[PDB]
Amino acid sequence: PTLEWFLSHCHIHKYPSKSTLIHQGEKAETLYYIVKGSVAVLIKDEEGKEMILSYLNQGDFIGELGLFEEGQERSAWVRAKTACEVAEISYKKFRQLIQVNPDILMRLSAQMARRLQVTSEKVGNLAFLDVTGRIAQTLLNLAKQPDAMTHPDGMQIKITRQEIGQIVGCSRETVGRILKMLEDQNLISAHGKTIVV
């Protein structure tokens, strides 16, 4: 609909998996769009520890926060979870496409709107739930979003305790002994893959 006139004016690129689309602090000049695939947003403490803030996918805009004031820089990091085709438009041409048609600027804002809600939750979990709890929300919320494939009884999913470790914010081994205390307790089963029940 609106997207094709939009998606026409962009330069399109294919990023191999694990590439770095965006760097923290780099000066924000380009908006992006995930035409194919998925990406990861994560930030970093000067002493190297990193935390995933979210997974983004086909349909979502990227690097939109730089768009509204200028001077500023990329707020987070965006790596390629897998291959992607990314339409890229300078802020400037986009600042224009909005003057022609108001619909794409909305299609952005809706996007930032649910992300400001999904993020605020994440603050509350970090502050109210102990790790064990955050991990069960992660294993629920993960095991549903499109990556997840319909297990007979309780969807399945592929995640490393390492990575659960950077969403929940604890470490592979604590993620470890706890996860098991779930299999035992009986609300999940796992072995490389994680079978939610």
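Here the rigid core means the biggest group of C-alpha atoms that line up within 1.5 Å when the two forms are laid on top of each other. We number the residues from 1 along the sequence you see.
Superposing each structure in 4 other deposited structures of this protein on the rigid core shows that the farther-lying of 7-15 and 183-191, by root-mean-square Cα distance, is 183-191.
Averaged as a root mean square over residues and superposed structures in 4 other deposited structures of this protein, CA distances to the shown form are larger in 140-148; the pair compared was 140-148 and 37-45 with a core fit. The stretch with the higher mean CA B factor, choosing between 181-189 and 5-13, is 181-189. The mean Cα B-factor in the deposited entry runs higher for 101-109 than for the other of 120-128 and 101-109.
Within the listed group 134, 158, 36, 161, the record reports its top CA B-factor for 158. Of all the options 26, 46, 60, 147, the entry's greatest CA B-factor is assigned to 147. In this PDB entry, residue 153 carries a Cα temperature factor that places it within the highest third of its chain's modelled residues. Ranked by C-alpha B-factor against the other modelled residues of its chain, residue 70 falls in the highest third. In the PDB entry, residue 92 places in the highest third of its chain by CA B-factor. For residue 41, the recorded CA B-factor ranks within the lowest third of the chain. Only modelled residues enter the ranking. For residue 143, the recorded CA temperature factor ranks within the highest third of the chain's modelled residues.
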